[PDB]
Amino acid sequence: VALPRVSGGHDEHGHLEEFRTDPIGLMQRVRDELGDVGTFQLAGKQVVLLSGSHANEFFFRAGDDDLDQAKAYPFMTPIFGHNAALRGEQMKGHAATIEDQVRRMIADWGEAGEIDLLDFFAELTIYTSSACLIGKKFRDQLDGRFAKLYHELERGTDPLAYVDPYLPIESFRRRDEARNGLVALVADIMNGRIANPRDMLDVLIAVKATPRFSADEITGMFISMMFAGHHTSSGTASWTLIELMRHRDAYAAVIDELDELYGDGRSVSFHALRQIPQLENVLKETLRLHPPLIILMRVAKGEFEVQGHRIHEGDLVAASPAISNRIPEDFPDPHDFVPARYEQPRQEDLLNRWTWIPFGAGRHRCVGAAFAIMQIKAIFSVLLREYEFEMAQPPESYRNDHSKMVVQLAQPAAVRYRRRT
């Protein structure tokens, strides 16, 4: 018995080509035509796309014995080749680290100027991530080259990886070359440390077996440590700023709140760990509209039924924060930016436990969420108190690029700044 299948997908790799150009439109059509359980074809693989509270509950409550997350991502192998840092006791230090990295990034801004949001936030979040997760010593040996290479690595996630992660296409060539470039950067750092003498890199260097670990092995470890939090935090920062500029009433409310809160004289390392309500509600609404992970994958390990539909062993099964986060029965006026949705009387995030899912839900809910929310609070506590921001292009022209499985803000994303006075 065939599962319901969405229209189209008559191209050579079925729906893959559409998934490479407009994955959100594809997923919305699955739901529009078929409901809570529908399928599309990615080359040789059927994807069973689940949506709505009932089907999402099944998806998110499944453990790795039923729905296996790791086997759904074999294409990350050419890229790769956290808990320690996410302990609550370390958060205060991380907030201070992040404040420091932001001030470093804006140190040359002067009175006024123009930035590109992807270039700015992508680079900044390389610095916050490396400093927090590997160490300040290591971060201080990084520069813009590392960020440029890391970005090429992220761009190595074209959905054609579902055909074969090793095809001779330019983005895969560039992925492999970028990884090579990172190993070289890391090798040069290790070499410098020999000649001129602690962090995680020192622990690893000291291991023996003759050194146990090569630059390639170490680079892989560091790439994997930084990956989950990099493009997600970068994009979320960009979109938080874009939504504030698009909604000047929300922006004004956030500024008033930051000024009042910081009037107690306590640092960002204090406040970024505590309530900043208007900014937090803007962040929640930003995540609902612009979830950086638009689809979540699993491989079925068994036979299941969901609303009469049978999932078979080996099936790819997916959930979509992009689609679920806009279900109109759950989120009134789902295309509208309404941070009031999260205020205490409404609490639409908390009420919709299985469909407000920018950070997932149940068994695999984001363990980086507290860090990521603190990081946004720390970044904007600095930026919005020091500078005022305006769009340098039409407000509707800021958009994501969905050509790779790793979503990124499309360029250009030009923004003006001017010192607040």
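Residue numbers here begin at 1 and follow the sequence given. Under this definition, the rigid core comprises the largest set of C-alpha atoms superposing within 1.5 Å between the forms.
> Comparing 67-75 with 152-160, which has C-alphas lying farther from the shown form in 5 other deposited structures of this protein once the core is aligned?
Replying inline: Per-stretch check in 5 other deposited structures of this protein: the more divergent one is 67-75.
> How do 225-233 and 200-208 compare in 5 other deposited structures of this protein: which one has C-alphas farther from this form after the rigid core is matched?
Replying inline: With the rigid core superposed, the C-alphas that lie farther in 5 other deposited structures of this protein are those of 200-208.
>> One third of the other compared structures is the cut-off here: is residue 83 left unmodelled in that many or more?
In response: Residue status for residue 83: gap in at least one third of the other entries.
> How many residues sit between residue 209 and residue 210 in the deposited sequence but have no coordinates: none, 1 to 3, 4 to 9, or 10 or more?
Replying inline: Per the deposited record, the segment joining residue 209 and residue 210 lacks coordinates for 1 to 3 residues.
> When you step from residue 197 to residue 198 in this entry, do you jump over none, 1 to 3, 4 to 9, or 10 or more residues of the deposited sequence that have no coordinates?
Replying inline: In the deposited sequence, 4 to 9 residues between these two have no coordinates.
> Out of 164-172 and 328-336, which stretch has the higher average CA B-factor listed in the record?
Replying inline: The deposited B-factors put 164-172 ahead on the C-alpha mean.
>> Which is higher on mean Cα B factor in this entry, 98-106 or 200-208?
In response: Here the higher of the two C-alpha B-factor means belongs to 200-208.
>> Between 396, 386, 36, 57, which one tops the list for Cα B-factor in this entry?
In response: Answer for 396, 386, 36, 57: 396, with the highest C-alpha B-factor.
> Which one of 92, 82, 274, 139 shows the top CA temperature factor in the record?
Replying inline: 82 has the highest C-alpha B-factor of those listed.
> Which third of the chain does residue 222 land in by C-alpha B-factor: lowest, middle or highest?
Replying inline: Middle third by C-alpha B-factor.
> Taking the entry's C-alpha B-factors for this chain, is residue 367 in the lowest, middle or highest third?
Replying inline: Middle third.
>> Which third, lowest, middle or highest, does the C-alpha temperature factor of residue 179 belong to within its own chain?
In response: Middle third.
>> What third of the chain does residue 119 rank in for C-alpha temperature factor, lowest, middle or highest?
In response: Middle third.
>> Splitting the chain's C-alpha B-factors into thirds, which one does residue 307 fall into?
In response: Residue 307: CA B-factor falls in the highest third of its chain.
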